[PDB]
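Below sits a lone chain in structure tokens, taken as the form deposited in one PDB entry.
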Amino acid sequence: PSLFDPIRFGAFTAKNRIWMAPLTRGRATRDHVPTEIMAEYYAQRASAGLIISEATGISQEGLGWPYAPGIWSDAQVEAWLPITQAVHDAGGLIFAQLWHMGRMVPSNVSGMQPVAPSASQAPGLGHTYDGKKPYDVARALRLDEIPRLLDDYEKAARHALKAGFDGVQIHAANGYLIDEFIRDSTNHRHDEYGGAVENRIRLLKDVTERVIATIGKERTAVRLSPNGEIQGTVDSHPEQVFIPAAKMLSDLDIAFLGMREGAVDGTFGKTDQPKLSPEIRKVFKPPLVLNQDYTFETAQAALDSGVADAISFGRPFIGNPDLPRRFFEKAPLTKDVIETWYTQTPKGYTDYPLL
């Protein structure tokens, strides 16, 4: 397959195999309501086969990123309409990334204590509405709270359809809530959601089954990050836990699995925990979309091997609205301005020229 060849996935055909990775940009409101400028931003990049949205909070409890959007309220759904409309006018497809940040939710943002599989304090400093602050002490989510959490995911997934998204991708990477349950450095639970591999993927499983029951498998995607430590989340033997995860996901027949894979020389994830896509390819039958550090040449190499069906691009899409065109034209890629990744205005957001 050619990077430029269409791909069938779920209920859809993407126009190409050059996809937009989920990118948190912070151009929504303090109260996590999307804004008009986000529509232009996404429209510019509609040549992406699929745009995966920036991470979108499923509830205030799960949303701790300042000026990131949520999707739990009616006013949020309404504000998303112009964004999805724009994408579909430009002929493109967009999935919503559904986001529970777990232990990484700053109380300055959510207003409450963050929840996690297990009690702990995330290392580091979180972005807030008054500067960086260190993270709070999370509480271990009670077994009797999992029914609620699932309803939070259900509401969010239906709200995504109302907002005009083609479907959802469940954020289960990068050290946020689901990924904390999966990995043995963060999951120290004694009940049916911790200890054994099947217990550790149990939240992933039930949240996936609840989304599938709400909006159909053909609109339901998952993100994982099985290799390399991130935000104090790592597993001691990731092959033991992520391969069974990938097989459980494949049996549900989700629309695609996206994964960000760290590398020894990785620039958004550095690690010698090796990449598990080769082993995950063998158990995961639906489309497998690989990410992190791909060039045009390495992305097509991955397609040529069959290990990837598509590749998402992150920072390249930030400064290169029309990446696919720049690829085939052999046009230099504009470099993204790191300082403006997460500021609040149009500068370094919608002001990168197209070709």
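Note that residue numbering follows the sequence shown and begins at 1. Basically, rigid core = biggest C-alpha set you can superpose within 1.5 Å across the two forms.
Between 201-209 and 267-275, it is 267-275 that carries the larger average Cα temperature factor according to the deposited entry. When the mean C-alpha temperature factors of 257-265 and 222-230 are read from the deposited coordinates, 257-265 comes out higher.
Looking only at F181, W99, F95, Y129, the residue with the top Cα B factor in the deposited structure is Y129. Taking only the listed residues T214, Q169, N174, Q240, the entry reports the highest CA temperature factor at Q240.
Sort the modelled residues of the chain by CA B factor and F284 lands in the highest third.
Among the modelled residues of the chain, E297 sits in the highest third by CA temperature factor in this PDB entry. Residue-level temperature factors show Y135 in the middle third of its chain, judged at the C-alpha atom.
Ranked by Cα temperature factor within the chain, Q60 sits in the middle third according to the deposited record.
Residue-level temperature factors show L50 in the lowest third of its chain, judged at the C-alpha atom.
Here the subject shifts to the form deposited in another entry, a form of this protein not shown in this document.
Rigid-core fit between the shown form and the other one: of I201, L93, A86, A173, the one residue whose Cα shifts 2 angstroms or more is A173. Residue displacement note: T271 has its CA displaced by at least 2 Å between the shown form and the other one (rigid core superposed). Compared with the form shown here, the C-alpha atoms of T267 and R315 sit at least 3 Å farther apart in the other form.
In contrast to the form presented, in the other form the C-alpha positions of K270 and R326 spread farther apart by 3 Å or more.
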